[PDB]
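I have placed the structure first, in the form of structure tokens, so that the comments after it can refer back to it.
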Amino acid sequence: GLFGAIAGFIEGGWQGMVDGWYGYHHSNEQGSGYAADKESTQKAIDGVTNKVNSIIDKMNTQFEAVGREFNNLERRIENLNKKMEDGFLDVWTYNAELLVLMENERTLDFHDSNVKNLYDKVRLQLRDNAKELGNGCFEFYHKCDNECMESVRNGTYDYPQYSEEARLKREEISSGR
Amino acid sequence: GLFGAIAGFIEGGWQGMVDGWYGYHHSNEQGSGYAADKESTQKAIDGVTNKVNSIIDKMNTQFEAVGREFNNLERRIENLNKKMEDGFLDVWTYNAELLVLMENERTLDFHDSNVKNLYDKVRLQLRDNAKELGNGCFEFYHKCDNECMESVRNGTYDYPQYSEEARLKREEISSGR
Amino acid sequence: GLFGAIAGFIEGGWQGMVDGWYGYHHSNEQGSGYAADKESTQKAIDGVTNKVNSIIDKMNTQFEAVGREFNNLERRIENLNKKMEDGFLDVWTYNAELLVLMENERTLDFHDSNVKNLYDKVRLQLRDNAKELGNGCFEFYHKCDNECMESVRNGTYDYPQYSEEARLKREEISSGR
Amino acid sequence: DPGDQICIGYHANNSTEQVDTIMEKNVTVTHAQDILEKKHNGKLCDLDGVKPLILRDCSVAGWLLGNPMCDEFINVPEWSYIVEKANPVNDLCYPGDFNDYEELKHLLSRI
Amino acid sequence: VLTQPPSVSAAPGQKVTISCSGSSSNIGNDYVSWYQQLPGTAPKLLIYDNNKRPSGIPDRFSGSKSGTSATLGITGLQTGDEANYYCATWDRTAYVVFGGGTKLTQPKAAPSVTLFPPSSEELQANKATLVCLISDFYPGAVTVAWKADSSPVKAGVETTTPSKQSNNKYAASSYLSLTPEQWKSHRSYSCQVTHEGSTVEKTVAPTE
Amino acid sequence: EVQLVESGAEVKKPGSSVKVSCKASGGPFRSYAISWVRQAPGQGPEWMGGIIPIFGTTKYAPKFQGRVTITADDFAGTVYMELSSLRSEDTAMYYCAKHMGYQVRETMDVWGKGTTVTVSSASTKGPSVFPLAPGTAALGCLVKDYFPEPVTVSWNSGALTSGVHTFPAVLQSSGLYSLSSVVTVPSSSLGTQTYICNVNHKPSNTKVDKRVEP
Amino acid sequence: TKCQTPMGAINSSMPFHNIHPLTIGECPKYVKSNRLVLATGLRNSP
Ligand SMILES: *[C@@H]1O[C@H](CO)[C@@H](O)[C@H](O)[C@H]1NC(C)=O
Ligand SMILES: *[C@@H]1O[C@H](CO)[C@@H](O)[C@H](O)[C@H]1NC(C)=O
Ligand SMILES: *[C@@H]1O[C@H](CO)[C@@H](O)[C@H](O)[C@H]1NC(C)=O
Ligand SMILES: *[C@@H]1O[C@H](CO)[C@@H](O)[C@H](O)[C@H]1NC(C)=O
């Protein structure tokens with residue numbers, strides 16, 4: 001994908017996160033578990049919902065054939081009528097098909113972007129209090145219990161509060177144990 | 001936004017940077033201040049300017065109704081004329097509206113990209129001579145006066161020249177003071 | 001570019017990598033050299049190939065003028081015929097031109113994305129076993145011979161296997177020698 | 001001690017100009033450009049130099065045939081467009097019919 | 001308020017230098033550009049950003065900022081380079097300021113004076129103009145005095161500045177305005193024209 | 001490649017307003033700012049102000065801040081400059097000039113040809129043309145009290161060139177102009193040949209010829 | 001004017017108008033839209 005997240009550096013998705021499109025999996029002393037990100041999933045639903053509505057709305061006026069009859073010596077205008085009417089069915093079919101194809105790509109790329117951005121949200125909260133492992137996961141340099149996890153999930157992680165514990169752990173790791 | 005920069009990891013913009021669309025805020029011993037990035041702002045103006053010109057130009061040829069009259073026993077061709085002419089006003093209105101909507105998204109996403117790329121320009125100049133703070137800012141590990149700041153703003157930052165001072169500061173920070 | 005890679009943080013491309021669109025340049029004790037990334041180049045060819053086919057296919061039905069003659073007192077329908085037929089040549093010319101312009105941007109941005117993603121593929125394999133230099137290159141903290149290089153190029157780099165050598169080198173560098 | 005800082009950022013202003021997007025309507029933007037003209041002046045004018053032929057209550061038939069009530073148009077100057085009401089009161093004073101009337105009106109669109 | 005020397009001179013082939021100078025709030029921080037102006041033509045960009053040079057401009061032109069002041073240099077200079085030259089810069093409230101400019105760079109001819117009197121038709125229209133036409137002099141400097149009879153008149157005179165002719169000598173015109181009664185009532189009116197200490201004097205009188 | 005073309009000469013009375021335009025080729029939307037710079041007879045150029053593309057913001061010089069308005073019609077590729085409360089020291093050549101980029105700056109790389117505005121209290125007046133009557137001998141024409149410049153004097157419908165000398169006009173204290181045209185001619189030809197001087201003042205629509213006799 | 005409509009003259013550089021489709025002269029292009037505005041700047045803060 002254009003944003004390299006879905007079926008990219010995050011290889012494959014989670015059958016087990018059922019309550020949203022994007023979210024988190026965590027793992028600590030008290031266990032592990034999945035949790036949807038409500039806010040991103042909601043922005044996405046808003047986007048896609050609006051998109052589907054805009055498509056319906058723009059296709060609202062659009063050519064509507066009407067039947068006209070012509071006698072056997074009005075063949076030139078019967079042909080001009082057929083071609084005019086076929087001409088519009090063709091313009092409109094192209095418009096619908098191409099809009100659908102073009103917007104499908106954008107939609108699929110929109111979600112990809114949404115996962116990248118969420119990953120980056122967590123990345124820039126944690127900074128060097130966690131280590132980027134490369135598969136979509138962060139490994140903390142400090143103990144992070146369920147309360148601390150939620151703080152990551154909801155925008156509230158206090159970096160200063162853990163950084164001391166973080167610097168001690170990074171220290172132990174560089175030194176070799 | 002698709003690129004996660006505008007109203008993303010940079011939350012909100014600067015009322016106080018008036019001379020461009022993207023730029024810098026700096027803060028050091030001699031004070032603080034805003035400065036536009038001329039080159040990015042210019043590429044953007046070039047892009048958007050060309051876009052507006054291309055839209056005007058492509059909409060240059062486009063259907064132009066003409067009045068034709070028909071008598072009371074030419075009702076079938078009067079109807080075929082009305083519908084033909086309405087048919088084109090509809091094709092063209094859809095084309096203009098959809099082009100406008102589609103290009104607005106791209107424009108808004110273009111700027112977003114432009115801020116991400118500028119951020120990344122600074123990021124990859126400084127490297128580990130600065131610490132990414134997560135809100136759009138870098139905190140230097142060395143003293144960076146107005147001359148040094150300009151070197152960041154104009155593509156000229158010499159990493160080797162500060163790296164020694166940088167490694168000493170990172171050293172002090174890991175050690176704890 | 002929207003993705004900041006081509007003519008961005010990678011400034012200019014390689015005349016000397018001839019067997020693909022994206023790839024690697026390496027440099028170690030046994031020498032240096034270029035190598036195409038087969039998989040990315042292939043996804044790209046698939047994309048662009050499909051795109052060119054979809055354009056041909058969607059432009060398959062499209063208005064086809066036919067000649068009709070009219071006498072000197074059928075001027076109103078001769079004019080209605082001319083305008084109808086010109087009307088479609090105009091709709092279709094706009095459609096082809098605009099599709100071409102819109103898809104060219106996407107194509108150029110697609111490649112840009114592809115180079116960013118490949119760079120990020122290598123970035124998240126190596127992690128802190130290498131140092132991001134900022135110009136598109138990584139400098140290893142450990143010795144990486146041709147076998148090790150290929151492991152980077154083909155998705156197989158074992159981080160754990162070098163990390164000890166990596167931590168010793170990072171250690172030497174922070175300490176100052 | 002904290003260190004010096006440089007931040008990357010973007011322009012904001014007090015614009016309430018608003019644009020639509022396929023995914024989001026009424027997005028407030030820093031700068032915008034209206035490209036639809038919605039105003040006219042409610043008058044019929046000379047087109048460049050040339051005043052139009054405003055038939056008043058006459059029809060084209062009335063004018064060419066010279067309905068007595070259409071005397072204003074006995075000898076008309078060169079014109080830029082013709083303006084004709086929807087239902088001219090002064091048309092064929094003596095009732096009747098005008099052969100190929102529309103084909104002739106069509107010819108006038110070029111004269 | 002940007003300082004520049006009024007003129008500079010030299011012979012076809014040497015290298016001239018035009019300096020330009022101002023405080024820290026213009027040249028010290030901000031950049032300088034230089035412009036060339038030939039009579040009848042808009043200024044023309046010669047160099048920018050202190051020392052860059054736009055396409056079309058030959059590399060005999062250049063410049064620099066040797067402190068809080070900047071200079072332009074021409075070399076191998078041609079007749080074409082005979083013109084005015086201005087430095088420009090940006091001054092912080094904020095504006096583009098120009099320098100004052102710098103102009104960069106035939107025997108003694110007696111004038112021919114020609115005094116006309118009022119024409120009867122002007123007289124018919126209750127006005128009277130004496131017209132004194134001075135031409136072909138060099139150098140182009142003449143004083144002009146008027147006399148009523150034998151005595152001077154300063155009232156009602158309008159003399160033009162001197163003016164290069166097609167043949168590279170100079171010209172001028174003086175006009176004394178009078179009422180008919182004034183013109184009719186006097187013996188004579190005389191235009192005196194002095195040039196390099198040689199006075200010529202023409203006189204005219206009311207249809208004698 | 002970009003051409004800047006400005007609107008025609010203007011003549012104004014003091015205390016009124018002028019509005020010059022400038023049309024830039026290409027575009028019609030532009031990615032560079034445009035400025036207005038003026039130059040008074042015998043003086044260096046003065047920058048007046050300029051306008052930035054897309055942003056639309058304007059920047060004026062201290063000297064004019066308060067009576068200049070720069071505006072744009074980007075669809076027409078046109079910027080405008082309006083200077084009000086005119087005085088005679090605003091008599092000058094007015095240039096539009098484009099910058100290299102979006103910022104107004106000391107560097108303006110392409111200029112328009114210029115357009116003059118003259119600020120005088122004179123209304124426009126056609127000349128009175130009087131004859132100046134007769135070794136050689138001189139004849140001429142007094143072209144009296146006209147405003148503004150220029151005026152064309154030709155002799156015998158443009159036939160006589162030899163020996164002719166039209167003089168630069170004088171600027172009277174009244175604000176009106178006057179000039180005179182003289183021809184040196186052989187005395188032998190005086191009362192047999194014929195001399196008409198052809199005065200044309202476009203601004204006033206006055207065409208005159210005046211036969212010069214002795 | 002340079003552009004005339006059965007309802008009145010148009011005096012505009014704009015590429016589009018929505019007045020009336022039957023015009024004569026040098027006109028913009030008619031659309032049924034009530035509103036058409038392009039973004040040029042960027043998304044404006046909260
Ligand atoms: C976010 O997370 C913490 C849990 O650590 C919780 O106490 C806090 O109230 C949450 N904030 C919001 C706005 O939900
Ligand atoms: C960039 O910045 C430095 C200031 O530290 C300056 O000296 C240098 O000349 C600048 N380069 C350019 C091309 O403007
Ligand atoms: C990838 O690289 C290594 C070379 O170090 C090689 O031995 C391995 O077989 C390669 N794997 C594939 C699937 O080509
Ligand atoms: C958008 O704004 C317009 C004008 O204020 C308003 O009429 C409309 O209801 C708004 N639409 C949405 C989806 O918010």
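Just so we're on the same page: first chain in the structure tokens is A, next is B, and so on; residues restart at 1 for each chain, and ligands are numbered from 1 in the order they show up.
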(request) Give me the residues within 9 Å of residue G:7 as a PyMOL selection string, counting only C-alpha atoms and dropping any in the same chain fewer than 4 places off. (result) (chain D and resi 40-44) or (chain G and resi 19-20)
(message) Give me, as a list in words, the residues of chain E touching chain F, with the criterion being at most 7 Å (counting only C-alpha atoms).
(response)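 Residues satisfying the distance criterion: residues 33, 41, 42, 45, 48, 88, 89, 90, 95, 96, 97, 98, 100, 101, 116, 119, 121, 122, 158, 159 and 160 of chain E.
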(message) Quick one: residues within 8 Å of residue D:15, only C-alpha atoms, excluding same-chain residues fewer than 5 positions away - as a list in words?
(response) residues 28, 29, 30 and 31 of chain D; 44 of chain G
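For ligand 4, the neighbouring protein, DNA and RNA residues, which are those within 10 Å when only C-alpha atoms and all ligand atoms are counted, are residues 50 of chain A; 18, 19, 20, 24, 25, 26 and 27 of chain D.
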Take the residues just selected and output them with N, CA, C and O atoms as a short mmCIF file (atom, residue, chain, number, x, y, z; two decimals), in the first residue's frame.
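Output (out-v4.cif):
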```
data_model
loop_
_atom_site.label_atom_id
_atom_site.label_comp_id
_atom_site.auth_asym_id
_atom_site.auth_seq_id
_atom_site.Cartn_x
_atom_site.Cartn_y
_atom_site.Cartn_z
N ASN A 50 -19.44 9.54 4.62
CA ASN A 50 -19.55 10.69 3.78
C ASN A 50 -19.25 10.41 2.29
O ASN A 50 -19.95 10.90 1.40
N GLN D 18 -14.30 28.08 3.42
CA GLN D 18 -14.61 26.68 3.61
C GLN D 18 -14.72 25.95 2.30
O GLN D 18 -15.36 26.44 1.35
N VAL D 19 -14.13 24.75 2.27
CA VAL D 19 -14.18 23.91 1.06
C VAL D 19 -14.75 22.57 1.38
O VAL D 19 -14.66 22.12 2.50
N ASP D 20 -15.38 21.96 0.37
CA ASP D 20 -15.83 20.55 0.41
C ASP D 20 -14.85 19.55 -0.22
O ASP D 20 -14.08 19.84 -1.10
N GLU D 24 -15.44 14.89 3.53
CA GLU D 24 -15.67 15.85 4.56
C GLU D 24 -16.08 17.17 3.91
O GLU D 24 -15.39 17.69 3.03
N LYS D 25 -17.21 17.68 4.36
CA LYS D 25 -17.76 18.92 3.85
C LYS D 25 -17.38 20.04 4.83
O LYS D 25 -17.04 19.78 6.00
N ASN D 26 -17.40 21.27 4.35
CA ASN D 26 -17.16 22.46 5.17
C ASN D 26 -15.85 22.42 5.92
O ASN D 26 -15.84 22.70 7.11
N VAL D 27 -14.77 22.04 5.26
CA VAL D 27 -13.44 22.09 5.84
C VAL D 27 -12.95 23.51 5.77
O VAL D 27 -12.97 24.15 4.70
#
```
Using only C-alpha atoms and a cut-off of 10 Å, which residues of chain G sit close to chain F? Please list them as a PDB file with N, CA, C and O atoms, in the first residue's frame.
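out.pdb was written with the following content:
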```pdb
ATOM      1  N   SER G  12     -17.295  39.439 -15.578  1.00  0.00           N
ATOM      2  CA  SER G  12     -16.555  38.495 -14.760  1.00  0.00           C
ATOM      3  C   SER G  12     -15.360  37.929 -15.514  1.00  0.00           C
ATOM      4  O   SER G  12     -15.438  37.718 -16.718  1.00  0.00           O
ATOM      5  N   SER G  13     -14.273  37.673 -14.791  1.00  0.00           N
ATOM      6  CA  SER G  13     -13.165  36.860 -15.286  1.00  0.00           C
ATOM      7  C   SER G  13     -13.326  35.364 -14.948  1.00  0.00           C
ATOM      8  O   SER G  13     -12.523  34.544 -15.378  1.00  0.00           O
ATOM      9  N   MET G  14     -14.336  35.006 -14.156  1.00  0.00           N
ATOM     10  CA  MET G  14     -14.419  33.652 -13.602  1.00  0.00           C
ATOM     11  C   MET G  14     -14.584  32.646 -14.719  1.00  0.00           C
ATOM     12  O   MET G  14     -15.173  32.983 -15.738  1.00  0.00           O
ATOM     13  N   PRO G  15     -14.096  31.411 -14.535  1.00  0.00           N
ATOM     14  CA  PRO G  15     -14.325  30.352 -15.512  1.00  0.00           C
ATOM     15  C   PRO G  15     -15.754  29.821 -15.599  1.00  0.00           C
ATOM     16  O   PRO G  15     -16.143  29.341 -16.638  1.00  0.00           O
ATOM     17  N   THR G  40      -6.906  26.458  -1.907  1.00  0.00           N
ATOM     18  CA  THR G  40      -5.542  26.800  -2.309  1.00  0.00           C
ATOM     19  C   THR G  40      -4.620  26.668  -1.089  1.00  0.00           C
ATOM     20  O   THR G  40      -3.533  26.113  -1.143  1.00  0.00           O
ATOM     21  N   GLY G  41      -5.078  27.156   0.047  1.00  0.00           N
ATOM     22  CA  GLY G  41      -4.319  27.035   1.284  1.00  0.00           C
ATOM     23  C   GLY G  41      -4.590  25.719   1.947  1.00  0.00           C
ATOM     24  O   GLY G  41      -4.982  24.793   1.310  1.00  0.00           O
TER      25      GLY G  41
END
```
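Neighbours of residue C:21 closer than or equal to 12 Å, with only C-alpha atoms counted and sequence neighbours fewer than 5 positions away skipped, come out as residues 6, 13, 14, 15, 16, 34, 35, 36, 37, 38, 39, 40, 41, 42, 43, 44, 45, 110, 111, 112, 114, 115 and 118 of chain C.
Here atom CA of residue D:4 and atom CA of residue G:45 stand 26.4 Å from one another.
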